[PDB]
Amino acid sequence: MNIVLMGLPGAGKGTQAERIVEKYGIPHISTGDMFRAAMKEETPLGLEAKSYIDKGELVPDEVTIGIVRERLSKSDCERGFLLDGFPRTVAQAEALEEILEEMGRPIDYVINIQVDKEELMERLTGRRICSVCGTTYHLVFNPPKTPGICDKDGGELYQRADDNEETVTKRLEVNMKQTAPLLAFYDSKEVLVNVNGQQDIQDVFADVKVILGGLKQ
C-alpha cells in the first residue's frame, strides 16, 4: 500500500487522501502540509519555501526531495504511505524511484484524479479549511454542518492564503506544464491509474476503493 496521488490544484487530492488514510491505515505525506507548517513556524526552510508558495510556483526539487526522503525514513512508512502532491516534476519522480528502490518500498499505484480545468477555480475559491485538523469543505459543493466551523472538532474554518484568484491562475499554469511528462513517466512504469474526480466525493472515493481494495500483501 505505497500510493501516490497526483492531480491539478483543486482536483480533490486532499479530500481523497483523508478518506484513503481513514479506510486503509497508512500515513498521509503531503509536501503542501509540510511546507505550510514550516512557513507558520518561520524556519529557514519555511522562509525559503514561502517565496515560491506565495507566488503559486513550485518549491525547488532539491529541498522538496529532501523533506520527503526524511519523512519516508520514519518507522510508520514501513506499512505503506499515501504521498499527496509529490512527486510533481519528473526529477522528483526519478529521485523517488531511487529512494524507494533503496528502501525496498516501490510504488503500487499512482492515482491521477482528473477534473476539467474549467472547474478548478471555483473549487479553490469556494474552499474553506479547518484551522485545527486541516479538513476541507466547500461553500457550494461540500459545506460544513454549521457555517464557519468544522464538523469534527468545532475548529474555525479559514481560506488558504494561496486560494486567491491571482495565485490560483498561476498555480494552474505551473502544474499543467507538468501533467503530460509525469503521466508519461508513470504510464511507462505501469503503475498509473486514472480516476474521474468530477463526481460526488463519495463516488470518486468508490472508484479509489476499487483500485486500493484490490491490493493484497
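Residues carry their position along the shown sequence, with the first being 1.
Judged by mean Cα B factor in the deposited record, 40-48 ranks above the other of 40-48 and 186-194.
If you average the C-alpha B-factors over 176-184 and over 27-35, the higher value belongs to 176-184. The maximum CA B-factor among the listed residues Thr125, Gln92, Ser73, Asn142, taken from the PDB record, is found at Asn142. Sorting the modelled residues of the chain by their CA temperature factor places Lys152 in the highest third. When the modelled residues of the chain are ordered by C-alpha B-factor, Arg69 sits in the lowest third. Split the chain's modelled residues into thirds by C-alpha temperature factor. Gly7 is in the highest one. Sorting the modelled residues of the chain by their CA temperature factor places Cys133 in the highest third. Per-chain ranking of the deposited C-alpha B factor places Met1 in the highest third.
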